[PDB]
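>>> no sequence for this one, just the structure:
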Ligand SMILES: NC(=O)c1cc([N+](=O)[O-])c(Cl)cc1NCc1cncnc1
């Protein structure tokens, strides 16, 4: 209500329902997300408002935050498609390496900007990466997780995807660092390359064990302090690490090298977005035009 004309429902968003809407005034087309629950903290409104100032070409612009009678409305710049749908559509042929590289490079620029401004995403996944016809890709939902501590679910009994969760979160760490986003982005990079989710767990423990089966069960050597983590159990099975050549074939050594650094167990050893941008993998990065059908 008030200035907005609903064009259609986009989906059952993470924090609520989402509509494509037109601002009767400006005439602009936007994504409007209606947030839960029956209170809505004033701390969240302030923190969220802060995000309106977080502007970068690879970050979906938060145009407005509107608090009104039990419901928070977030108005975002609109993009027609997300990476999850694009990957499904490119399943038979695969996304061309040059485009995978362009997307990864752009997402790292976005993360570097967010992280330098002390903003974490915390829930990166293909569905939260939006793309347009110009070859741009943008991070969506940056900072919402913190302005709400822990998201948990959507609003209509939906199965929370754990596929992109960093191991420190799964092991009960209470303090997230910028490293959790690099881990999620690494999982997404692998998925674009192989056309299959890297760690498709269907429970928190299945997610953790899928990670362990591929990267090896972590220990104090590769991850100092891991055995003192909240949910770590000495009873975890001990699996040997597999070779990356087997995990993301036929990605080249530059790609495997970068991916391995994005998937280090120790959050402190995990590569930063800034450092990743300098990796030899991006020596020949370009900005291709995607084949997008809308
Ligand atoms: N910012 C946005 O444009 C956007 C926001 C949200 N959201 O949650 O606030 C969602 Cl779901 C999807 C979006 N767009 C991608 C899309 C658009 N139309 C049809 N399928 C996908």
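That came through, no problem. Numbering: from 1, shown residues only.

>>> distance of the spatially closest residue to residue 50 that is not a sequence neighbour relative to residue 60?
Using CB to CB, 6 or more residues apart in numbering and skipping residues adjacent in sequence, the residue nearest residue 50 is residue 143, 7.7 Å away. The way it works is simple: take the backbone N, C-alpha and C, and place the C-beta from them, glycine included. As defined by CB to CB, to the nearest Å, residue 143 lies at a distance of 11 Å from residue 60.

>>> circling back: now do the contacts for the residue nearest to residue 50.
Residue 143 makes contact with 47, 48, 50, 51, 54, 114, 119, 120, 121 under the criterion CB atoms under 8 Å, 6 or more residues apart in numbering.

>>> is it in a helix, a strand, or coil?
coil (DSSP: H, G, I helix; E, B strand; the rest coil).

>>> what's the spacing between residue 226 and the ligand?
34 Å (CB to the nearest ligand atom, to the nearest Å).

>>> ok, that residue touching residue 217?
No. Taking contacts as CB atoms under 8 Å, residue 226 lies outside contact range of residue 217: 9.4 Å.

>>> give me the phi and psi angles of residue 84.
Residue 84 adopts backbone torsions of phi -60, psi -50, taken as degrees, to the nearest 10.

>>> which residues does residue 95 contact?
Contact analysis of residue 95 by CB under 8 Å, 6+ apart lists 86, 87, 103, 192.

>>> does the second one really touch residue 189, like I thought?
Translated: residue 87. No. Taking CB under 8 Å as the definition, residue 87 is not a contact partner of residue 189, at 11.8 Å.

>>> more neighbours, the two?
Neighbour totals were compared for residue 87 and residue 189, and residue 189 leads with 26 against 19 (other CB atoms under 10 Å).

>>> who's the closest spatial neighbour of that one, skipping the chain neighbours?
Once flanking residues are discounted, residue 189 sits nearest to residue 104: 5.3 Å by CB to CB, 6+ apart.

>>> okay, buried residues for the strand or helix carrying the one you found please.
Using DSSP states H and E, residue 104 sits in helix 97-116. When burial is assessed from 16 or more other CB atoms under 10 Å, helix 97-116 yields the following buried residues: 99-115.

>>> which SSE is immediately downstream of that helix?
Next along from helix 97-116, by DSSP H and E: strand 129-131.

>>> counting contacts, what elements does that next one pack onto?
strand 81-82, helix 83-89, helix 97-116, strand 137-139 (3 or more CB pairs under 8 Å, 6 or more residues apart in numbering; DSSP states H and E).

>>> output the contacting helices and strands for the shortest one.
Looking back up the chat, that one is strand 81-82. Contact partners of strand 81-82 among helices and strands, from 3+ CB pairs under 8 Å, 6+ apart: strand 129-131.

>>> give me the distance from the strand it packs on to the chain's centre.
Relative to its parent chain, strand 129-131 has a centroid offset of 10 Å by CA atoms, centre = their mean, to the nearest Å.

>>> so what touches that strand?
If you take CB under 8 Å, 6+ apart as the criterion, strand 129-131 is touched by 60, 79-84, 86, 103, 107, 137-140, 188, 290, 292.

>>> show me which of those residues neighbour the ligand.
Among the contacts of strand 129-131, the ones lying near the ligand by CB under 6 Å from any ligand atom are 60, 79, 80, 81, 82, 140.

>>> leaving out the residues flanking it, which one is nearest to residue 94?
Of all residues not flanking residue 94 in the chain, residue 195 sits nearest, at 5.6 Å (CB to CB, 6+ apart).

>>> residues contacting the one you found?
87, 90, 91, 94.

>>> and the residues you listed, which is closest to the ligand?
Checking the contacts of residue 195 against the ligand by CB to the nearest ligand atom gives residue 87 as the nearest, at 13.2 Å.

>>> which residues touch the closest one?
Residues in contact with residue 87 (CB under 8 Å, 6+ apart) are 95, 126, 191, 192, 195.

>>> okay then, goodbye and thanks.
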